[PDB]
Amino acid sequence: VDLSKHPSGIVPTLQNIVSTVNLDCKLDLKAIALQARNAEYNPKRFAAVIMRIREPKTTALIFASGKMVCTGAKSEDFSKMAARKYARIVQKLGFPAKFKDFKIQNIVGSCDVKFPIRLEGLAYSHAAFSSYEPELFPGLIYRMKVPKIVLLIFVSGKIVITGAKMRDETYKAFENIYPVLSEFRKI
């Protein structure tokens, strides 16, 4: 790892990317669910056609408005690439589908600092950013202000970082928390 961009020497692994795009045309969801083999639509439950492709492994929520949500990709490039594949399937179904305002909405990453954490203590010292009700959920919820990112910290040293729109925020949030985790290493 490049110790220069990642001083901790640990790089969060990207696990999930959520993006949206505007197909810029009205869609008939019922016609889509009927023609598209790997598409499901239950309006009484959710007003979107749920469609999935194997590569990049992702799930799309396609709306009558032409707007679309792409989930599951492991990278921003994979997410865009997936979003484009769905837009082409919709095109080939007979709709004038474009690709307007593609935007990465959320990036989820995770890593392991490989040492256990004293969550109770970190929670106490960082109360204005922490929520820890172990009887509820075993992880401590750390709502970082700069960058405005949320981290789920576990006793095992495993960390989840979410809420970023740019991978650098994921990286910086982790670099910010790293000395703090060290400060609260369980001995």
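In this text, residue numbers run from 1 along the sequence as written.
In this entry, 123-131 shows the higher mean Cα temperature factor of the pair 53-61 and 123-131. Looking at 76-84 and 92-100 together, the entry lists the larger mean B-factor for 92-100, computed on C-alpha atoms. Of the candidates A33, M144, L140, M68, the PDB record gives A33 the highest C-alpha temperature factor. Per the PDB record, residue ranking by Cα B-factor puts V155 in the lowest third of the chain. Among the modelled residues of its chain, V18 has a C-alpha B-factor that falls in the lowest third, as given in the PDB entry. Sort the modelled residues of the chain by CA B factor and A39 lands in the highest third.
Ranked within its chain, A47 lands in the highest third, by CA B factor from the PDB record. In the deposited entry, the Cα temperature factor of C25 sits in the top third of values across the chain's modelled residues.
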